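Enquirer: For reference, the file input-v9.pdb (PDB, C-alpha atoms and all ligand atoms) is included below:
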ATOM      1  CA  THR A   1      16.775 -27.751   2.920
ATOM      2  CA  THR A   2      18.590 -26.110   5.816
ATOM      3  CA  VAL A   3      18.811 -28.303   8.900
ATOM      4  CA  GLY A   4      20.307 -27.346  12.236
ATOM      5  CA  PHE A   5      22.036 -30.166  14.139
ATOM      6  CA  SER A   6      22.801 -29.713  17.840
ATOM      7  CA  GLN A   7      25.513 -32.241  18.812
ATOM      8  CA  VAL A   8      26.510 -33.124  22.333
ATOM      9  CA  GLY A   9      30.268 -32.694  22.044
ATOM     10  CA  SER A  10      33.320 -34.831  21.268
ATOM     11  CA  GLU A  11      33.679 -37.013  24.363
ATOM     12  CA  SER A  12      34.392 -40.287  22.438
ATOM     13  CA  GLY A  13      35.643 -41.321  19.111
ATOM     14  CA  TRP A  14      32.185 -42.723  18.503
ATOM     15  CA  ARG A  15      30.682 -39.274  18.953
ATOM     16  CA  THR A  16      33.103 -37.600  16.553
ATOM     17  CA  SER A  17      32.424 -40.392  14.056
ATOM     18  CA  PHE A  18      28.689 -39.604  14.429
ATOM     19  CA  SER A  19      29.317 -35.958  13.736
ATOM     20  CA  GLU A  20      31.317 -36.870  10.599
ATOM     21  CA  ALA A  21      28.591 -39.271   9.473
ATOM     22  CA  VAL A  22      25.839 -36.679   9.789
ATOM     23  CA  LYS A  23      27.986 -34.166   7.768
ATOM     24  CA  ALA A  24      28.648 -36.856   5.133
ATOM     25  CA  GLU A  25      24.918 -37.833   4.918
ATOM     26  CA  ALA A  26      23.912 -34.162   4.637
ATOM     27  CA  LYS A  27      26.368 -33.658   1.792
ATOM     28  CA  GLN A  28      25.056 -36.718  -0.015
ATOM     29  CA  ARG A  29      21.528 -35.377   0.191
ATOM     30  CA  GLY A  30      22.445 -31.749  -0.743
ATOM     31  CA  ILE A  31      21.350 -30.526   2.633
ATOM     32  CA  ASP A  32      22.707 -27.278   4.159
ATOM     33  CA  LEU A  33      23.737 -28.521   7.605
ATOM     34  CA  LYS A  34      24.227 -26.075  10.399
ATOM     35  CA  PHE A  35      26.256 -28.241  12.761
ATOM     36  CA  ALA A  36      26.778 -27.126  16.356
ATOM     37  CA  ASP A  37      29.064 -28.651  18.974
ATOM     38  CA  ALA A  38      27.956 -27.979  22.575
ATOM     39  CA  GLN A  39      31.172 -28.988  24.300
ATOM     40  CA  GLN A  40      29.299 -31.343  26.618
ATOM     41  CA  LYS A  41      26.942 -28.598  27.995
ATOM     42  CA  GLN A  42      23.173 -28.743  27.629
ATOM     43  CA  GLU A  43      23.028 -25.009  27.886
ATOM     44  CA  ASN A  44      25.065 -24.721  24.711
ATOM     45  CA  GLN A  45      22.646 -27.028  22.961
ATOM     46  CA  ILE A  46      19.755 -24.873  23.975
ATOM     47  CA  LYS A  47      21.562 -21.834  22.669
ATOM     48  CA  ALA A  48      22.292 -23.485  19.320
ATOM     49  CA  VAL A  49      18.665 -24.526  18.968
ATOM     50  CA  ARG A  50      17.520 -20.978  19.752
ATOM     51  CA  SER A  51      19.867 -19.708  17.027
ATOM     52  CA  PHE A  52      18.528 -22.203  14.582
ATOM     53  CA  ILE A  53      14.986 -20.979  15.291
ATOM     54  CA  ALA A  54      16.133 -17.303  14.913
ATOM     55  CA  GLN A  55      17.726 -18.197  11.577
ATOM     56  CA  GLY A  56      14.531 -19.809  10.260
ATOM     57  CA  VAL A  57      15.989 -23.222   9.465
ATOM     58  CA  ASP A  58      13.689 -25.806   7.882
ATOM     59  CA  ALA A  59      14.265 -28.474  10.542
ATOM     60  CA  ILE A  60      16.240 -29.119  13.672
ATOM     61  CA  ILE A  61      17.971 -32.383  14.770
ATOM     62  CA  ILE A  62      18.959 -32.650  18.466
ATOM     63  CA  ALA A  63      21.263 -35.350  19.993
ATOM     64  CA  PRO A  64      20.370 -34.509  23.596
ATOM     65  CA  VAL A  65      23.136 -34.747  26.243
ATOM     66  CA  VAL A  66      20.672 -35.450  29.063
ATOM     67  CA  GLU A  67      16.981 -36.188  29.118
ATOM     68  CA  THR A  68      15.618 -33.305  31.232
ATOM     69  CA  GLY A  69      15.144 -29.586  30.558
ATOM     70  CA  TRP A  70      14.085 -29.548  26.930
ATOM     71  CA  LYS A  71      10.446 -28.519  27.067
ATOM     72  CA  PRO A  72      10.810 -24.733  26.829
ATOM     73  CA  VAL A  73      13.039 -24.841  23.736
ATOM     74  CA  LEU A  74      10.902 -27.498  22.082
ATOM     75  CA  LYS A  75       7.823 -25.325  22.613
ATOM     76  CA  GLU A  76       9.667 -22.475  20.950
ATOM     77  CA  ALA A  77      10.411 -24.623  17.961
ATOM     78  CA  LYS A  78       6.818 -25.714  17.787
ATOM     79  CA  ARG A  79       5.559 -22.093  17.814
ATOM     80  CA  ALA A  80       8.064 -21.411  15.050
ATOM     81  CA  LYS A  81       6.627 -24.358  13.075
ATOM     82  CA  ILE A  82      10.079 -25.986  12.749
ATOM     83  CA  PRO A  83      10.006 -29.800  13.029
ATOM     84  CA  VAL A  84      12.409 -31.346  15.512
ATOM     85  CA  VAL A  85      13.960 -34.852  15.190
ATOM     86  CA  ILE A  86      15.646 -36.384  18.195
ATOM     87  CA  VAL A  87      18.603 -38.664  17.521
ATOM     88  CA  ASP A  88      20.849 -40.950  19.578
ATOM     89  CA  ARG A  89      19.803 -40.216  23.168
ATOM     90  CA  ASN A  90      16.319 -39.425  24.404
ATOM     91  CA  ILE A  91      14.404 -36.553  25.952
ATOM     92  CA  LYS A  92      11.775 -36.823  28.699
ATOM     93  CA  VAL A  93       8.790 -34.755  27.696
ATOM     94  CA  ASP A  94       5.085 -35.051  28.480
ATOM     95  CA  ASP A  95       3.843 -34.253  24.999
ATOM     96  CA  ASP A  96       5.055 -36.132  22.011
ATOM     97  CA  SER A  97       3.793 -33.489  19.596
ATOM     98  CA  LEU A  98       6.918 -31.527  20.655
ATOM     99  CA  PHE A  99       8.992 -33.614  18.196
ATOM    100  CA  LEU A 100       8.488 -35.211  14.821
ATOM    101  CA  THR A 101      10.272 -38.479  15.666
ATOM    102  CA  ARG A 102      13.289 -40.142  17.276
ATOM    103  CA  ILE A 103      15.956 -42.134  15.442
ATOM    104  CA  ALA A 104      17.839 -44.327  17.891
ATOM    105  CA  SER A 105      19.199 -47.746  18.754
ATOM    106  CA  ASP A 106      17.687 -49.684  21.634
ATOM    107  CA  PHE A 107      20.262 -49.076  24.379
ATOM    108  CA  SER A 108      18.552 -51.626  26.745
ATOM    109  CA  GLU A 109      18.889 -54.217  23.980
ATOM    110  CA  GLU A 110      22.598 -53.327  23.584
ATOM    111  CA  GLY A 111      23.098 -53.924  27.354
ATOM    112  CA  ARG A 112      21.104 -57.148  27.223
ATOM    113  CA  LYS A 113      23.073 -58.612  24.232
ATOM    114  CA  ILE A 114      26.471 -57.807  25.769
ATOM    115  CA  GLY A 115      25.330 -59.129  29.178
ATOM    116  CA  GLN A 116      24.114 -62.348  27.634
ATOM    117  CA  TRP A 117      27.305 -62.778  25.700
ATOM    118  CA  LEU A 118      29.326 -62.354  28.898
ATOM    119  CA  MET A 119      27.143 -64.870  30.785
ATOM    120  CA  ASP A 120      27.613 -67.381  27.986
ATOM    121  CA  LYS A 121      31.384 -66.766  27.937
ATOM    122  CA  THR A 122      31.779 -67.195  31.696
ATOM    123  CA  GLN A 123      29.072 -69.811  32.177
ATOM    124  CA  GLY A 124      27.276 -67.374  34.535
ATOM    125  CA  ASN A 125      30.217 -67.128  36.996
ATOM    126  CA  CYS A 126      31.628 -63.623  36.924
ATOM    127  CA  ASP A 127      32.457 -60.748  39.228
ATOM    128  CA  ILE A 128      32.123 -57.635  37.170
ATOM    129  CA  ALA A 129      33.359 -54.051  37.354
ATOM    130  CA  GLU A 130      31.094 -51.513  35.658
ATOM    131  CA  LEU A 131      32.373 -48.317  34.042
ATOM    132  CA  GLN A 132      29.289 -46.171  33.666
ATOM    133  CA  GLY A 133      28.607 -43.467  31.121
ATOM    134  CA  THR A 134      27.616 -39.874  31.971
ATOM    135  CA  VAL A 135      24.973 -39.179  34.527
ATOM    136  CA  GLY A 136      21.588 -38.571  32.996
ATOM    137  CA  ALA A 137      22.523 -39.934  29.530
ATOM    138  CA  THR A 138      19.942 -42.244  28.063
ATOM    139  CA  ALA A 139      22.740 -44.467  26.768
ATOM    140  CA  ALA A 140      24.129 -45.064  30.303
ATOM    141  CA  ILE A 141      20.807 -45.483  32.078
ATOM    142  CA  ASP A 142      19.350 -47.875  29.536
ATOM    143  CA  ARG A 143      22.495 -49.945  28.877
ATOM    144  CA  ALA A 144      22.789 -50.493  32.630
ATOM    145  CA  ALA A 145      19.136 -51.454  32.846
ATOM    146  CA  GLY A 146      19.428 -54.049  30.114
ATOM    147  CA  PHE A 147      22.706 -55.611  31.351
ATOM    148  CA  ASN A 148      21.282 -55.717  34.904
ATOM    149  CA  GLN A 149      18.121 -57.450  33.714
ATOM    150  CA  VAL A 150      20.222 -60.294  32.129
ATOM    151  CA  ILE A 151      22.626 -60.784  34.953
ATOM    152  CA  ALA A 152      19.725 -60.898  37.534
ATOM    153  CA  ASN A 153      19.018 -64.438  36.113
ATOM    154  CA  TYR A 154      22.491 -65.681  37.045
ATOM    155  CA  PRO A 155      23.104 -66.100  40.802
ATOM    156  CA  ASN A 156      26.933 -66.299  40.428
ATOM    157  CA  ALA A 157      27.244 -63.105  38.427
ATOM    158  CA  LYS A 158      27.404 -59.798  40.196
ATOM    159  CA  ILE A 159      28.539 -56.271  39.699
ATOM    160  CA  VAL A 160      31.067 -55.674  42.456
ATOM    161  CA  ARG A 161      32.288 -52.156  41.553
ATOM    162  CA  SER A 162      30.388 -49.427  39.668
ATOM    163  CA  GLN A 163      31.379 -45.806  38.946
ATOM    164  CA  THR A 164      31.097 -43.288  36.142
ATOM    165  CA  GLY A 165      33.954 -42.941  33.662
ATOM    166  CA  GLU A 166      32.182 -40.082  31.901
ATOM    167  CA  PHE A 167      32.357 -41.891  28.500
ATOM    168  CA  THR A 168      35.969 -40.874  28.256
ATOM    169  CA  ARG A 169      39.251 -42.737  27.905
ATOM    170  CA  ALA A 170      41.169 -40.785  30.551
ATOM    171  CA  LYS A 171      38.431 -41.058  33.122
ATOM    172  CA  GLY A 172      37.826 -44.742  32.313
ATOM    173  CA  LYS A 173      41.483 -45.407  33.009
ATOM    174  CA  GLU A 174      41.451 -43.484  36.283
ATOM    175  CA  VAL A 175      38.366 -45.235  37.496
ATOM    176  CA  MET A 176      39.683 -48.688  36.507
ATOM    177  CA  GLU A 177      42.987 -47.949  38.411
ATOM    178  CA  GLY A 178      40.789 -47.177  41.379
ATOM    179  CA  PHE A 179      38.846 -50.419  41.072
ATOM    180  CA  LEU A 180      42.017 -52.521  40.895
ATOM    181  CA  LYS A 181      43.243 -50.822  44.077
ATOM    182  CA  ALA A 182      39.927 -51.352  45.860
ATOM    183  CA  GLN A 183      39.810 -55.053  44.901
ATOM    184  CA  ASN A 184      42.751 -55.542  47.214
ATOM    185  CA  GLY A 185      43.973 -58.471  44.974
ATOM    186  CA  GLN A 186      40.611 -60.247  44.559
ATOM    187  CA  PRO A 187      40.339 -61.253  40.857
ATOM    188  CA  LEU A 188      37.843 -59.520  38.617
ATOM    189  CA  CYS A 189      36.267 -61.644  35.885
ATOM    190  CA  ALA A 190      35.279 -58.793  33.627
ATOM    191  CA  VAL A 191      34.912 -55.096  32.938
ATOM    192  CA  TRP A 192      31.516 -53.961  31.543
ATOM    193  CA  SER A 193      32.088 -50.604  30.002
ATOM    194  CA  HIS A 194      29.222 -48.473  28.720
ATOM    195  CA  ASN A 195      31.419 -47.407  25.792
ATOM    196  CA  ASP A 196      34.489 -48.503  23.923
ATOM    197  CA  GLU A 197      36.329 -45.254  24.830
ATOM    198  CA  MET A 198      36.309 -45.989  28.593
ATOM    199  CA  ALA A 199      37.088 -49.662  27.821
ATOM    200  CA  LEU A 200      40.265 -48.736  26.025
ATOM    201  CA  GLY A 201      41.363 -46.666  28.998
ATOM    202  CA  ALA A 202      40.614 -49.628  31.238
ATOM    203  CA  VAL A 203      42.899 -51.780  29.053
ATOM    204  CA  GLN A 204      45.851 -49.500  29.905
ATOM    205  CA  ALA A 205      45.092 -49.525  33.671
ATOM    206  CA  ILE A 206      44.902 -53.341  33.607
ATOM    207  CA  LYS A 207      48.234 -53.576  31.775
ATOM    208  CA  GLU A 208      49.831 -51.168  34.244
ATOM    209  CA  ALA A 209      48.643 -53.423  37.064
ATOM    210  CA  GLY A 210      50.493 -56.384  35.430
ATOM    211  CA  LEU A 211      47.386 -58.224  34.349
ATOM    212  CA  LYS A 212      46.322 -59.374  30.829
ATOM    213  CA  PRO A 213      43.231 -57.573  29.577
ATOM    214  CA  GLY A 214      41.142 -59.734  27.246
ATOM    215  CA  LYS A 215      42.357 -62.930  28.933
ATOM    216  CA  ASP A 216      42.685 -62.531  32.738
ATOM    217  CA  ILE A 217      40.029 -59.753  32.862
ATOM    218  CA  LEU A 218      37.424 -59.878  30.022
ATOM    219  CA  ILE A 219      36.418 -56.551  28.528
ATOM    220  CA  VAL A 220      32.918 -56.049  27.063
ATOM    221  CA  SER A 221      31.526 -52.783  25.784
ATOM    222  CA  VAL A 222      29.388 -50.817  23.286
ATOM    223  CA  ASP A 223      30.096 -48.786  20.131
ATOM    224  CA  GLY A 224      32.136 -50.907  17.739
ATOM    225  CA  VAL A 225      34.716 -48.231  16.961
ATOM    226  CA  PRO A 226      37.660 -49.181  14.761
ATOM    227  CA  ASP A 227      40.225 -48.815  17.541
ATOM    228  CA  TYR A 228      38.196 -51.348  19.546
ATOM    229  CA  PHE A 229      38.048 -53.820  16.639
ATOM    230  CA  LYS A 230      41.843 -53.339  16.462
ATOM    231  CA  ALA A 231      42.106 -54.126  20.187
ATOM    232  CA  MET A 232      39.930 -57.223  19.693
ATOM    233  CA  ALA A 233      42.188 -58.294  16.719
ATOM    234  CA  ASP A 234      45.133 -57.885  19.118
ATOM    235  CA  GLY A 235      43.589 -59.854  21.971
ATOM    236  CA  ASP A 236      43.248 -56.947  24.523
ATOM    237  CA  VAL A 237      39.407 -56.767  24.643
ATOM    238  CA  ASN A 238      36.671 -59.307  24.004
ATOM    239  CA  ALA A 239      33.273 -58.055  22.724
ATOM    240  CA  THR A 240      31.343 -54.971  21.723
ATOM    241  CA  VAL A 241      27.954 -54.126  20.272
ATOM    242  CA  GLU A 242      28.083 -52.048  17.153
ATOM    243  CA  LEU A 243      26.437 -48.624  17.317
ATOM    244  CA  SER A 244      25.776 -47.229  13.857
ATOM    245  CA  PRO A 245      26.780 -43.577  13.431
ATOM    246  CA  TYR A 246      24.245 -43.283  10.484
ATOM    247  CA  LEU A 247      21.219 -41.952  12.286
ATOM    248  CA  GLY A 248      21.218 -38.821  10.153
ATOM    249  CA  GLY A 249      19.842 -40.684   7.154
ATOM    250  CA  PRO A 250      16.562 -41.703   8.682
ATOM    251  CA  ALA A 251      16.377 -38.297  10.358
ATOM    252  CA  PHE A 252      16.667 -36.552   6.926
ATOM    253  CA  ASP A 253      14.038 -38.987   5.470
ATOM    254  CA  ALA A 254      11.596 -38.136   8.179
ATOM    255  CA  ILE A 255      12.240 -34.415   7.626
ATOM    256  CA  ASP A 256      11.900 -34.784   3.803
ATOM    257  CA  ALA A 257       8.569 -36.561   4.236
ATOM    258  CA  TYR A 258       7.242 -34.048   6.700
ATOM    259  CA  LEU A 259       8.122 -31.119   4.368
ATOM    260  CA  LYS A 260       6.486 -32.889   1.411
ATOM    261  CA  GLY A 261       3.240 -33.107   3.463
ATOM    262  CA  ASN A 262       3.306 -36.722   4.783
ATOM    263  CA  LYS A 263       1.086 -36.918   7.876
ATOM    264  CA  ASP A 264       1.704 -40.537   9.174
ATOM    265  CA  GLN A 265       5.002 -40.707  11.156
ATOM    266  CA  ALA A 266       5.976 -43.009  13.982
ATOM    267  CA  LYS A 267       7.539 -41.387  17.028
ATOM    268  CA  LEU A 268      10.431 -43.884  17.262
ATOM    269  CA  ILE A 269      12.317 -45.572  14.438
ATOM    270  CA  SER A 270      14.942 -47.939  15.850
ATOM    271  CA  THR A 271      17.471 -50.621  14.856
ATOM    272  CA  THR A 272      20.169 -52.110  17.120
ATOM    273  CA  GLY A 273      23.534 -53.549  16.211
ATOM    274  CA  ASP A 274      25.109 -56.957  16.673
ATOM    275  CA  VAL A 275      27.754 -58.314  19.105
ATOM    276  CA  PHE A 276      31.249 -58.505  17.576
ATOM    277  CA  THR A 277      34.040 -60.459  19.248
ATOM    278  CA  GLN A 278      37.655 -61.593  18.705
ATOM    279  CA  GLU A 279      36.281 -64.408  16.454
ATOM    280  CA  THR A 280      35.760 -62.032  13.575
ATOM    281  CA  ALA A 281      37.963 -59.183  14.600
ATOM    282  CA  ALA A 282      40.797 -59.706  12.092
ATOM    283  CA  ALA A 283      38.284 -59.865   9.210
ATOM    284  CA  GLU A 284      36.183 -56.974  10.495
ATOM    285  CA  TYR A 285      39.067 -54.615  11.348
ATOM    286  CA  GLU A 286      40.161 -54.961   7.734
ATOM    287  CA  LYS A 287      36.784 -53.731   6.429
ATOM    288  CA  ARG A 288      36.557 -51.017   9.089
ATOM    289  CA  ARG A 289      40.118 -49.586   8.869
ATOM    290  CA  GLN A 290      39.253 -47.582   5.750
ATOM    291  CA  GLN A 291      35.701 -46.616   6.319
ATOM    292  CA  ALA A 292      37.648 -45.280   9.338
ATOM    293  CA  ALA A 293      40.726 -43.672   7.749
ATOM    294  CA  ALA A 294      38.521 -41.516   5.476
ATOM    295  CA  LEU A 295      37.914 -39.432   8.599
ATOM    296  CA  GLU A 296      41.588 -39.365   9.661
ATOM    297  CA  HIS A 297      42.360 -37.291   6.564
ATOM    298  CA  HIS A 298      39.684 -34.718   7.366
ATOM    299  CA  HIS A 299      40.809 -31.139   8.247
ATOM    300  CA  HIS A 300      41.051 -29.623  11.866
ATOM    301  CA  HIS A 301      38.969 -26.531  12.945
ATOM    302  CA  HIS A 302      36.668 -25.417  15.765
TER     303      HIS A 302
HETATM  304  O1  LIG A 401      24.828 -41.808  23.079
HETATM  305  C1  LIG A 401      25.757 -42.703  22.549
HETATM  306  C2  LIG A 401      26.962 -42.815  23.465
HETATM  307  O2  LIG A 401      27.510 -41.549  23.745
HETATM  308  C3  LIG A 401      28.911 -41.613  23.439
HETATM  309  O3  LIG A 401      29.596 -40.930  24.359
HETATM  310  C4  LIG A 401      29.281 -43.082  23.538
HETATM  311  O4  LIG A 401      30.515 -43.314  22.926
HETATM  312  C5  LIG A 401      28.070 -43.690  22.849
HETATM  313  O5  LIG A 401      27.795 -45.023  23.134
END
What does the file become when written as structure tokens?

Expert:
Amino acid sequence: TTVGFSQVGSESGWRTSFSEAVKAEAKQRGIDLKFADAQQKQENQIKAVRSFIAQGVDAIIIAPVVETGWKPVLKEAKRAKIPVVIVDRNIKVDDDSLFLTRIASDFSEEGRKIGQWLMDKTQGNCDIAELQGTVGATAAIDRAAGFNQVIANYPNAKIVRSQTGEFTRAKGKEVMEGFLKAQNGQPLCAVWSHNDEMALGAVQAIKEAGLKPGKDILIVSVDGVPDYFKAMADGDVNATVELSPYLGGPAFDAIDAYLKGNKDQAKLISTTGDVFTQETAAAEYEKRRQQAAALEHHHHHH
């Protein structure tokens, strides 16, 4: 089987771990993976997908950067009789026959679990700064929606500052610096970061402001990357929800079934991770530091 995979980019360590996981799962399954990196631009994804259709691949997997603008290319794939699996983020389309299925976590559930954890931690008394993900990304929209739905139940919890950090470490840091300046000395209880990458940038801004991240300002997030588990083990951040980078597997199963002639296929197959905190961070970082450092030995190329 030849399968084209259109990846978003490399904005976070989570994302690059996802790319490495898909490549590793393809290899396990003897699949010829045409991997494309779009460098954060939807237009590059559309181009990759077009090329996959021109090359006559057996299936296409798309991790869509934003939700809009996919219908024309999906219709092209359909006319070409090439099944499409969506992974990670979502697309907004009016006809679900334009894809085979979607393999994803429940981002609203991720936002709900981390929000609940924070309310429990702070007994519902918490001024929060939000570092948002990229505009139009399902992961940002839905994590915000879920967190917001939990904190609406708690009158003494409120989001006092909210701005995009673009899912990146450098922009998370810059934004967090800005927040700390705008607070004008008023304590923040917590930072809610849509991903661990921005959260780790926030940690450095907090330190530079002479405050103790993980103690004075709580830091809660999503992804469960090893560097964040390390930070939790060190006391600098508090909690994250794990986001499995192994979505390729169920994507390849769905493709394998479709090619073998299976007709009955659900349109969404989903499982969501658990909240991890400092309580198990020493134990968990140990397990994760090698499932990690496999990737650190990989070879550099574009
Ligand atoms: O779509 C998943 C999100 O995108 C990545 O940028 C984040 O790290 C991850 O939570």

Enquirer: Apply the PyMOL selection byres (((chain A and resi 68) around 8) and not hetatm) to the displayed file and report the matching residues as a compact mmCIF listing (two decimals) with C-alpha atoms, in the coordinates of the input.

Expert:
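What ended up in selection_39.txt:
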# COMPACT_ATOMS: atom_id res chain seq x y z
CA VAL A 66 20.67 -35.45 29.06
CA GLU A 67 16.98 -36.19 29.12
CA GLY A 69 15.14 -29.59 30.56
CA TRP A 70 14.08 -29.55 26.93
CA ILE A 91 14.40 -36.55 25.95
CA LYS A 92 11.78 -36.82 28.70
CA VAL A 93 8.79 -34.76 27.70

Enquirer: To test your reading of the syntax: which residues would the PyMOL selection byres (((not hetatm)) within 10 of (chain A and resi 401)) return for the file shown? Reply as number ranges by chain.

Expert: A: 8-18, 40, 63-66, 87-90, 104-105, 107, 110, 133-134, 137-140, 143, 166-168, 193-198, 221-225, 241-245

Enquirer: Mind checking which residues fall within 9 Å of residue A:78, counting all atoms listed in the file, ignoring those fewer than 6 positions away in the same chain, and posting them as a count of residues only?

Expert: 4

Enquirer: To one decimal place in Å, what is the distance between atom CA of residue A:146 and atom CA of residue A:122?

Expert: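 That distance, rounded to one decimal, is 18.1 Å.
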
Enquirer: To test your reading of the syntax: which residues would the PyMOL selection byres (((chain A and resi 125) around 8) and not hetatm) return for the file shown? Reply as a list in words.

Expert: residues 119, 122, 123, 124, 126, 127, 154, 156 and 157 of chain A

Enquirer: With distances taken over only C-alpha atoms, which of A:148, A:45, A:290, A:28 is nearest to residue A:74?

Expert: A:45
